[PDB]
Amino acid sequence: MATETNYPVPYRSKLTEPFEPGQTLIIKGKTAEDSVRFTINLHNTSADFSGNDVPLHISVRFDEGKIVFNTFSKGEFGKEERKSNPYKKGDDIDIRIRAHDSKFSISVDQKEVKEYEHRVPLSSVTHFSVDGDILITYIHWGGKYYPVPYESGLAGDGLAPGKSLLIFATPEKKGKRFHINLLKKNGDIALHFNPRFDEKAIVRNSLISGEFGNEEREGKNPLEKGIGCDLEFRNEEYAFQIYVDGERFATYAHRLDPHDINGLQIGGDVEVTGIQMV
């Protein structure tokens, strides 16, 4: 227990549906300088058991300096699959678990570190718990396999001021550039967000009636290939506020009425693992 941000340990939570392929569990938190272990368990129960079937047990140990991935079933654990723990007592943590048909995929600071092969049915994760020497600051889950080129309507009300669009993506490793488009009903692009890795810039621009306007670009490109990031398109009243990886990357004064931005478009060298309106 420390500064009440919320999220008390032990933190248990019930899943709406079972944990399907494409969906991701994301657990951020801060660690004290006296922390030895915390744990993440994708389990089932009975309503809530407290020791029955755990398809994916992650134990992060600062004493042993390794992340331990195991699976408790039929009363036992099995062969520990170990892996070097890149964390140091102190600093934040960023564990993100993605289910697939074949296996779990666990990634640290947005960098894949472990491909845990499914040992008992994934269909048995109905709960997840987080426990131990850790302060939890962010636990989110959801998502699906997002096909790219992506295209889809946004909600109904669309993205209007007071709403952010939250996109969790990962630029492809040998990819030169990708784009995201927030769209208006008539066709126009409200904001064209276009990280170009070749030009080492993130070009921002609007497409009005067939023709692209000026093109705003100042900004150290923060994305890195093969690494995943948290793109956030925060629609304020006078500008979008673009957030990359927790911090404001750039603002973009509206060149079009931010009301009724009801379409989304993601192209290029990128994998999309989460979309959500907020």
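Position 1 is the first residue in the sequence shown; the rest follow in order.
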Legend entry - Residue stretch of maximal mean CA temperature factor, 165-173 vs 204-212: 204-212
Inset, instruction - Taking the mean of the C-alpha B-factors per stretch from the entry, tell me the winner out of 78-86 and 116-124. - result: 78-86
Inset, instruction - Please pick out which of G156, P149, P195, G142 has the largest Cα B-factor as recorded in the entry. - result: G156
Legend entry - Identity of residue with top Cα B-factor, from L25, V9, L256, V270: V9
Legend entry - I261 - which third its CA temperature factor falls in, relative to the rest of the chain: middle
Legend entry - Entry-reported Cα temperature factor of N41, expressed as the chain third it lands in: middle
Legend entry - Third of chain Cα B-factors occupied by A32: highest
Inset, instruction - Select lowest, middle or highest to describe the third in which the CA B-factor of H100 falls within its chain in this entry. - result: lowest
Inset, instruction - Rank-wise, by C-alpha B-factor, drop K220 into the lowest, middle or highest third of its chain. - result: highest
